[PDB]
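Participant: Protein chains in written order, with this note's numbering: chain A, 159 to 209; chain B, 5 to 125; chain C, 23 to 82; chain D, 248 to 306; chain E, 13 to 63; chain F, -2 to 140; chain G, 348 to 575.
In this text, a Cβ means the ideal position worked out from N, Cα and C, and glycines have one as well.
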Amino acid sequence: XXXXXXXXXXXXXXXXXXXXXXXXXXXXXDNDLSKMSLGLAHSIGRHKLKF
Amino acid sequence: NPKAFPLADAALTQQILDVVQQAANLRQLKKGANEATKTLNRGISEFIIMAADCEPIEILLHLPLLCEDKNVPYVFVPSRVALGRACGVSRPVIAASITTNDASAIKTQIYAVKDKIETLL
Amino acid sequence: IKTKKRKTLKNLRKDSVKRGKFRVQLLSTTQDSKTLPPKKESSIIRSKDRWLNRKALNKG
Amino acid sequence: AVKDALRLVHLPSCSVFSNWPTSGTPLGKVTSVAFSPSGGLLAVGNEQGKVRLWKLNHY
Amino acid sequence: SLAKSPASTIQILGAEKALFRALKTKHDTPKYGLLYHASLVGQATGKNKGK
Amino acid sequence: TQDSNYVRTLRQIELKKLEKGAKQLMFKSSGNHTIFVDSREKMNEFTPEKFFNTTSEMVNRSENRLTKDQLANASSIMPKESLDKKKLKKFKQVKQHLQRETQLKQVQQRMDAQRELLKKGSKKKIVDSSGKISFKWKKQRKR
Amino acid sequence: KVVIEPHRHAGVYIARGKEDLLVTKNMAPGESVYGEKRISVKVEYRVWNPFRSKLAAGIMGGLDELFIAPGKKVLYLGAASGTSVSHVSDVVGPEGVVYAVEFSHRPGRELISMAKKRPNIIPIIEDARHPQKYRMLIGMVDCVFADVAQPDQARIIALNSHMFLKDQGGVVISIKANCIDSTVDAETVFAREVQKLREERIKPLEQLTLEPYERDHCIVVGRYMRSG
RNA sequence: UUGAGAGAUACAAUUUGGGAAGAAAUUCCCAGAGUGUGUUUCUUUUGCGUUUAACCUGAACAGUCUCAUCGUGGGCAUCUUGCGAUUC
């Protein structure tokens, strides 16, 4: 779907970059980011299997 | 049913329903869904034979919930009229439970079937 | 004498040294594992070899 | 397996006949049953050796 | 937890005090239990409240 | 039937106390614990005292293998003898329940086989060559 | 009255009484996550049942470097009904957060109920087979845990090894031979699965075979090297 | 009294590491190994002989009528003295 909007896309080596990208979330920062991450997980599962 | 899990084939079902028909001759076999639920809690159950075409299927799905806790094997033979006739009872039986008796003459033939049921798990 | 040194070479060839209640093995070298497919297991290939070289067919 | 164990089933109604066989209908361990092709007779074996013969009086 | 119990223990789910008295001393088990106040057991009469 | 409830109930007294009894109790473990070491000469110079940085007794026991740096029962009365006796008895109690229950199940198994002789069906009196008596009911669909 | 002892692993403790017992502090009192008992000595302390949790048997089996710490974060595969992650949540304390992954629903509902009582436990109801299905929720966890019963168990960790491991971070792998072969000795399995992990940059340090708790199981300890 | 391989254990000679105690030698404690013998275990190769064996099943207990269960009477204590089990 990223290959549909007139720009190239590539993969298969960005995992080390995604590691540094996931390390960058601590750089932009950290605990309050996890609390936003918590209710994200708490809603995305409870929507799926429950209610 | 798609809710059916491990469901034996055409082949192993003939082996399972032969042992059922030989355990009902030794009277080693508790019959029905509400009695196979008993032998799990007492722990004297060897394994659990269940039917697949029971309508509704949800009335015997607690036995795969119960057997996963107590580590007792279970399969689904496909049809409840079959397991009824192989159990010695005129009514259709949707879940049958082989009890544990180590003095039994059929003890060897149970553990041959039991290993094939744990093979599917 | 001649065979007594071969048995001590097994005390060089071995890698799994037991320490009482414990044991210690070693990781092999990576290039010996990567550049070579792992070795044929005996309990499978003897089942092939005994079966074709069977007394019930009069071979040889 | 059991003595006196022949049962007749009517067709297409799938109703077992109720009057015959009675209790006092001598059969024995029925091992060999046979119908006539033509006259409507019925021959029932046993284990004792006695082939006891009936007649379906409709036919 | 209730559906994992069999059928015959949903009779005597209430009357547990008179049950284990009647098993530990050899006696007769209670036959209704908490199910007795259903609208349908009361519609029956006699021994048919048991059946 | 009343006999095969009172034995059946006292078995479940003894079996549910088997689970409550084993839940408090602690079993020392005896399993294989192999250590993977990169070089054969590090392997030959291995010592459990050095690798786990423990000392004499803290090598062999697996519940608490503490660091010598981490190092840097008499509050309970009589720790050598009385406490270790009362350490042992909690096993020997639940050792007895397991000996009580399996003895008590066989009272049911020989009672339940006696109770199933009365009902219906045609039974065959067989005796094994060992001398034990079991029965074999006839292949007959009960109605 | 009850002697309490620090375990060599931080957060873990061992209580001494008439009967010995392995124990852990709780974050929230007044709750039994699976109906276990607890001791309150004041500070609450909660038993681990080693026959129900393989990590509980892994500690008490005698294990050198469990990478789970208080300050660290730890990802968890195979969080079926949350019997062990509430021990993992209670050994990381408030500071470490635990990522619990599960694919099955009916025991997953207990984990949904358990996140409401624990701040560390967050659930992952997505499939552990495809880790990019939940890539956004987790980033750079320190060490992971395996309890999955799938036969591609070196495969499913390897796709969680590349994407979510902190580099030079540990790994804990629990393997049964009953999953994989059930025909050869369980020792013969463990040589096969260790060689699988060296193909995915995991250098295994130790393995411990739980003999008196579960039959023919294992725990495998390694360090994920030179990849993030 | 085949070939080899591995494991356990008993024994003796002998060593590793760790801890304290002694100026060193030395001392004790704890953990661990290999070697020589005895023993024992399972797996494997080969030689000779053998080609079926074991279990199950079909109308497989019963006219000297069989079995079950509850009781009664007697024996066996110079002891089947009798388990909610089956002493005859």
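Which whole runs of the alpha helix (DSSP H) in the region 3 to 78 of chain F are 4 residues long or more, in chain order?
Facilitator: Entirely contained in the region 3 to 78 of chain F, the alpha helix (DSSP H) runs reaching 4 residues are, in chain order, 37 to 41, 45 to 48, 53 to 57.
Participant: Put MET483/G into one of helix, strand or coil per three-state DSSP.
Facilitator: Within the seventh sequence, residue 483/G is the residue found at index 136, counting from 1. Coil.
Participant: Residue range of the alpha helix (DSSP H) that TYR446/G falls in?
Facilitator: The count along the seventh sequence starts at 1 and reaches residue 446/G at position 99. Careful: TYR446/G lies outside any alpha helix (DSSP H), inside the beta strand (DSSP E) at 445 to 448.
Participant: So, with DSSP's three-state summary, where would you put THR21/E?
Facilitator: Your numbering for residue 21/E matches position 9 in the fifth sequence. It is helical.
Participant: For a contact meaning CB atoms closer than 8 Å, what does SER201/A contact in chain G?
Facilitator: As a first step, residue 201/A must be located in the first sequence, where it is residue number 43. Going along chain G, no residue has its Cβ under 8 Å from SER201/A, so there is no contact; the nearest lies around 11 Å.
Participant: Any idea which residues DSSP pairs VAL488/G with across the strands?
Facilitator: Within the seventh sequence, the letter at position 141 stands for residue 488/G. Beta-bridge pairing links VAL488/G to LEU512/G.
Participant: For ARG84/B, does the count of other Cβ atoms within 10 angstroms reach 16, so buried, or fall short, so exposed?
Facilitator: Here residue 84/B is taken as the residue at index 80 of the second sequence, counted from 1. Buried.
Participant: Is it right to say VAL388/G is buried, meaning 16 or more other beta carbons lie within 10 angstroms of its own, or is it exposed?
Facilitator: Position 41 of the seventh sequence, counted from the start, is the residue given in the question as residue 388/G. Under this definition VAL388/G is an exposed residue.
Participant: Whose C-alpha, out of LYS74/B, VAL81/B, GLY92/B, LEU70/B, is nearest the C-alpha of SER13/E?
Facilitator: Here residue 13/E refers to the residue found at position 1 when the fifth sequence is read from its first residue. Nearest option by C-alpha distance: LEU70/B.
Participant: Take the Cβ of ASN61/F as the centre, count every other Cβ of all protein chains shown within 10 Å, and call the residue buried at 16 or more, exposed below.
Facilitator: Working through the sixth sequence from its first residue, we reach residue 61/F at position 64. By the 10 Å Cβ count, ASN61/F comes out buried.
Participant: Which term fits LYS35/B, buried or exposed, when burial requires 16 or more other beta carbons within 10 angstroms of its beta carbon?
Facilitator: Indexing the second sequence from 1 puts residue 35/B at position 31. The residue in question, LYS35/B, is buried, as its Cβ has 16 or more Cβ neighbours within 10 Å.
Participant: With DSSP collapsed to three states, give me the class of residue 292/G.
Facilitator: What is shown of chain G runs 348 to 575, which leaves residue 292/G out entirely.
Participant: Put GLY47/B into one of helix, strand or coil per three-state DSSP.
Facilitator: Within the second sequence, residue 47/B is the residue found at index 43, counting from 1. In this structure, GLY47/B counts as coil in the three-state DSSP scheme.
Participant: Output, in chain order, the set of chain A residues within a Cβ distance shorter than 7 Å of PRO470/G.
Facilitator: Position 123 of the seventh sequence, counted from the first residue, corresponds to residue 470/G. Neighbours of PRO470/G on chain A, chain order: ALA199, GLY203.
Participant: Give the straight-line distance between the Cα atoms of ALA357/G and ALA416/G, rounded to the nearest whole angstrom.
Facilitator: On the seventh sequence, residue 357/G is found 10 positions in, with the first residue counted as 1. On the seventh sequence, residue 416/G is found 69 positions in, with the first residue counted as 1. Distance between the alpha carbons of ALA357/G and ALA416/G: 6 Å.
Participant: Would you mind working out which of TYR360/G, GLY516/G, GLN542/G, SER529/G sits nearest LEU422/G, comparing C-alpha positions?
Facilitator: Here residue 422/G refers to the residue found at position 75 of the seventh sequence. Measuring from the Cα of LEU422/G, the nearest candidate turns out to be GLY516/G.
Participant: Rounded to whole angstroms, what's the CA-CA distance from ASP367/G to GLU46/F? Just pull it up for me.
Facilitator: Numbered from its first residue, the seventh sequence carries residue 367/G at position 20. Numbered from its first residue, the sixth sequence carries residue 46/F at position 49. Cα-Cα distance, rounded: 25 Å.
Participant: Which residues in chain A have a C-beta closer than 7 Å to the C-beta of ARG456/G? List them in chain order.
Facilitator: In the seventh sequence, counting from the first residue as 1, residue 456/G sits at position 109. Residues of chain A passing the Cβ test: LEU207, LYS208.
Participant: Could you pull out every unbroken beta strand (DSSP E) segment of at least 3 residues lying fully inside the region 97 to 121 of chain B, listed in chain order?
Facilitator: Fully enclosed beta strand (DSSP E) runs of 3 or longer: 99 to 103.
Participant: Tell me whether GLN32/B is buried or exposed, calling it buried when 16 or more other Cβ atoms sit within 10 Å of its Cβ.
Facilitator: Taking the first residue of the second sequence as 1, we reach residue 32/B at position 28. Buried, by the Cβ-count rule.
Participant: With 8 Å set as the bound, which would you pick, yes or no: does the beta-carbon of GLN(-1)/F sit closer than that to a beta-carbon of chain E?
Facilitator: Within the sixth sequence, residue -1/F is the residue found at index 2, counting from 1. At least one chain E Cβ lies under 8 Å of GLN(-1)/F.
Participant: Does DSSP put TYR571/G in a helix, in a strand, or in coil?
Facilitator: Here residue 571/G refers to the residue found at position 224 of the seventh sequence. Strand at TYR571/G.
Participant: Give me the Cα-Cα distance between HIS205/A and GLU62/B, rounded to the nearest whole angstrom.
Facilitator: Along the first sequence, read from residue 1 onward, the residue named residue 205/A stands at position 47. Along the second sequence, read from residue 1 onward, the residue named residue 62/B stands at position 58. In a straight line, the C-alpha of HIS205/A is about 23 Å away from that of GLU62/B.
Participant: Kindly identify the DSSP beta-bridge partner or partners of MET54/B.
Facilitator: To locate residue 54/B, count along the second sequence from 1; it is residue 50. Answer by DSSP bridge pairing, in chain order: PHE80/B, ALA99/B.
Participant: Mark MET487/G as exposed unless 16 or more other C-beta atoms lie within 10 angstroms of its C-beta, in which case mark it buried.
Facilitator: Here the question's residue 487/G lines up with position 140 in the seventh sequence. With 16 or more other Cβ atoms within 10 Å, it is buried.
Participant: Considering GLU72/B, what are the terminal residues of the alpha helix (DSSP H) in which it resides?
Facilitator: Within the second sequence, residue 72/B is the residue found at index 68, counting from 1. Looking at the DSSP string, the run of the alpha helix (DSSP H) that includes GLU72/B is 66 to 74.
Participant: What are the boundary residues of the beta strand (DSSP E) that includes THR371/G?
Facilitator: Counting from 1 along the seventh sequence, the entry for residue 371/G is found at position 24. 368 to 371 is the span of the beta strand (DSSP E), which, as asked, contains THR371/G.
Participant: For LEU49/C, go through chain G and note every residue whose CB falls closer than 9 Å to its CB, in chain order.
Facilitator: If you number the third sequence from 1, residue 49/C lands on position 27. Under the 9 Å cutoff, chain G gives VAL541, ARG545, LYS550, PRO551.
Participant: Considering Cα atoms alone, identify which of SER433/G, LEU552/G, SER529/G is closest to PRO376/G.
Facilitator: As a working note, residue 376/G is residue 29 in the seventh sequence. Nearest of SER433/G, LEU552/G, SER529/G to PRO376/G, Cα basis: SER433/G.
Participant: Give the residues of chain B in contact with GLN106/F, contact being defined as C-beta atoms less than 8 Å apart.
Facilitator: As a first step, residue 106/F is located in the sixth sequence; it is residue number 109 there, counting from the start. Chain B residues near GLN106/F: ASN105.
Participant: Using a beta-carbon distance cut-off of less than 8 Å, what residues from the region 435 to 448 of chain G approach chain A?
Facilitator: The region 435 to 448 of chain G vs chain A, Cβ under 8 Å: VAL444.
Participant: Could you name the residues of chain F that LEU35/E contacts, counting a contact when the two beta carbons are closer than 7 Å?
Facilitator: Position 23 of the fifth sequence, counted from the first residue, corresponds to residue 35/E. By Cβ distance, chain F contributes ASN2, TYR3, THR6.
Participant: Do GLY408/G and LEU557/G come within 8 Å of each other at the CB atom, strictly closer than that value?
Facilitator: By 1-based counting over the seventh sequence, the position of residue 557/G is 210. By 1-based counting over the seventh sequence, the position of residue 408/G is 61. In this structure, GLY408/G lies closer than 8 Å to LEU557/G by Cβ.
Participant: Is it the case that the Cβ atoms of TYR392/G and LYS419/G are separated by a distance below 8 Å?
Facilitator: Residue 392/G sits at position 45 when you count from the first residue of the seventh sequence. Residue 419/G sits at position 72 when you count from the first residue of the seventh sequence. Not closer than 8 Å, so no.
Participant: Determine whether the Cβ of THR41/B lies closer than 8 Å to any Cβ atom of chain E.
Facilitator: For the purposes of this step, residue 41/B is taken as the residue at position 37 of the second sequence. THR41/B counts as touching chain E.
Participant: Compare the Cα-Cα distances from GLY26/E to each of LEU47/E, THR41/E, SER20/E and report the closest residue.
Facilitator: Translated into the one-based positions of the fifth sequence, residue 26/E becomes position 14. Checked all of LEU47/E, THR41/E, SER20/E; the closest Cα to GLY26/E is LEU47/E.
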